[PDB]
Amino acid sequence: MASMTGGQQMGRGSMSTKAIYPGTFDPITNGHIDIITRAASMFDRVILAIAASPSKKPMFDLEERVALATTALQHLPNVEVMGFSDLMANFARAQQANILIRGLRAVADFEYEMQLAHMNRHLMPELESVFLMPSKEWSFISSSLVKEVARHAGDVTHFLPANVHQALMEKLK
């Protein structure tokens, strides 16, 4: 019925889904891999969007971050990895995505998450934020914590894919 209407997103059944999952991923952990695996099971396509210029200087440069994640996720066919240097809402719009994936780890973050989601609604009304809890196995890990344990020689093999674990050891002398 294209001669009459192109179609709206709401009230008319299911629509193609394309999600972005933004972060610094410095470096990508098993917790990140789980979140995107879950997301990619339920949406048509997923972009892991890696932040080029985080406020805090990252251990891995953008090129490195994008390379490690590309490797770690290459077994997911509906996933692509990209760097971006923009508001997450701008990137979503440029990428014609309609879903924004957020990992929801802690209570401390809930308010902040809701508030970002309100801002993103304001910026891009057609973008829906979707919140996944991390698996219990990855509930206490973060890029930051893994780096700091690794720095002081703790075992973090259980928390990273092999490519990332190797790149991390190289960074730490």
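A residue's number is simply how far along the shown sequence it sits, counting from 1. Between two forms, the rigid core is the largest collection of C-alphas that superpose within 1.5 Å.
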{"item": "RMS Cα shift after core superposition in 7 other deposited structures of this protein, winner of 102-110 and 28-36", "value": "102-110"}
{"item": "Stretch with the higher entry mean CA B-factor, where the candidates are 114-122 and 22-30", "value": "114-122"}
{"item": "Stretch with the greater mean C-alpha B-factor as recorded in the entry, comparing 59-67 against 102-110", "value": "102-110"}
{"item": "Criterion, highest CA B-factor; candidates, 38, 45, 147, 136", "value": "136"}
{"item": "Chain thirds of CA B-factor: placement of residue 129", "value": "lowest"}
{"item": "Chain-relative CA temperature factor third for residue 142", "value": "middle"}
{"item": "Cα B factor band for residue 96 (lowest, middle or highest third within the chain)", "value": "middle"}
{"item": "For residue 74, the third of its chain into which the C-alpha B factor falls", "value": "middle"}
